[PDB]
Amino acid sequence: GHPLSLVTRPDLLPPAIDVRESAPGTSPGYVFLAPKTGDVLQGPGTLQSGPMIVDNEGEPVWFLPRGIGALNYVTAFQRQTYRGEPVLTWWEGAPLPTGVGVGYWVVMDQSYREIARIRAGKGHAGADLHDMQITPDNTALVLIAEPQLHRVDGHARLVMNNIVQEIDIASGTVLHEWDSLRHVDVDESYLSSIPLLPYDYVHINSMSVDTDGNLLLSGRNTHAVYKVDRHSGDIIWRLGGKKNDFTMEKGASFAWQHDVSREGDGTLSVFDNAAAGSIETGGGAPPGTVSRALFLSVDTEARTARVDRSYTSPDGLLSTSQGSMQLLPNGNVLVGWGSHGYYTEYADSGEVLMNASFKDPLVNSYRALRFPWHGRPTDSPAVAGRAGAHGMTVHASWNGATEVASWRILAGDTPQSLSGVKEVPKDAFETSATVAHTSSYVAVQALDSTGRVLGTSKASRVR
């Protein structure tokens, strides 16, 4: 059971989260999630989906119920930077039965207003859902996944081509385009053939910029990371896979991986699912295999790779798809367990600091990522007053507000004769408070930690 019931916001039913552990040293800031449920037919009836920012207790801070099952599927929510400003980004669109999506990426500023929409170049239906990254030059790496007739074993075969476009965000112009079928051979795939589906031979699911400005592309179904020349498109090297360029130390190989990036300590992070579904692979996976969040010491001059350090779930999870990892500024590591609706923050030493899961066991998030966030909502707090036997309860919330520390409660016989009766700390998304004297109207003011008024609700008739 996940639905959170809110007196002030009957329209918001955010999924509940169970935080089973929260030692001190957990990082500040917020966890960014896009809760979803896979069922096309029943999804909308069991879950309100959309981007969600929660605190270290699992309480929502902002929730935008934008997702509609598989009608408007929302995923891959995070914070990025555009023109030096913090922005929110996610994908919304149509998930297709072939395993890819057709949609676009929303860009929203700190006041929760849409400032741009990042689309695949014209001549394509839209962009796939597995990643989009805003580069230091304010261009977007976008992925297009489309079926294409290709010669596979002398006999033509429908294959899922992956095209990576670099898009100037302000203008929408395509600056660069990289076509996987022109560079990566279909026989590099580990994927078992699934009858009557396009052969999803590479399945790019992460695109990022390395320190030299070239691209790093994670190919799930080739088990490989491609470094690609930013300008020529030539493959610079292959890490992993059937044409591996690197000498791998014991334990450094990954499989069916996600979320690859260059990290500030010089390592390359790889979420190593270590397994996929039974059909897409040969059959089941070896008993006892688990997923790991992996930091690789990759020496590209010597073409060697070894494990610097890794982190596994305290719950023994094997995630057959999705997932994420993030190195945080204090040295902590946050891991989202993908197909499993869990996320875990560790100290560098590997000690579990925070472990959480969706209360509903069918809900998960593609990624779970932590960022500072300062919301600047442009609406007002919502309020509600409920008369009781010997008093009344006042409820207050302000979706998107991050700086509310306290609530001042106002009450009076008329909207124009409200007076301050009480101040209480904020202790939830929606905070409740009881007051002895029941009045006819109420309002609330949100106060920051210095006591300054951030916003005021409308007057609300008690009920």
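Start at 1 and count along the sequence shown; that's the residue number.
On average the C-alpha atoms of 407 to 415 have higher B-factors than those of the other stretch, with 407 to 415 and 42 to 50 being the two compared.
Of the two stretches examined, 329 to 337 and 383 to 391, the record assigns the greater average C-alpha temperature factor to 383 to 391. In the PDB entry, the Cα temperature factor peaks, among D131, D153, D272, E92, at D153. Of the candidates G219, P86, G323, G288, it is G288 whose Cα B-factor is highest according to the PDB record. In this PDB entry, the Cα temperature factor of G284 sits in the top third of its chain's modelled residues, the highest group. Sort the chain's modelled residues by C-alpha temperature factor and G251 lands in the highest third, per the entry. In the deposited entry, the Cα temperature factor of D187 places it in the highest third of its chain's modelled residues.
In the PDB entry, a CA B factor belonging to the middle third of its chain's modelled residues is recorded for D168. Placement of the Cα temperature factor of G58 within the chain: middle third of the modelled residues, per the deposited record.
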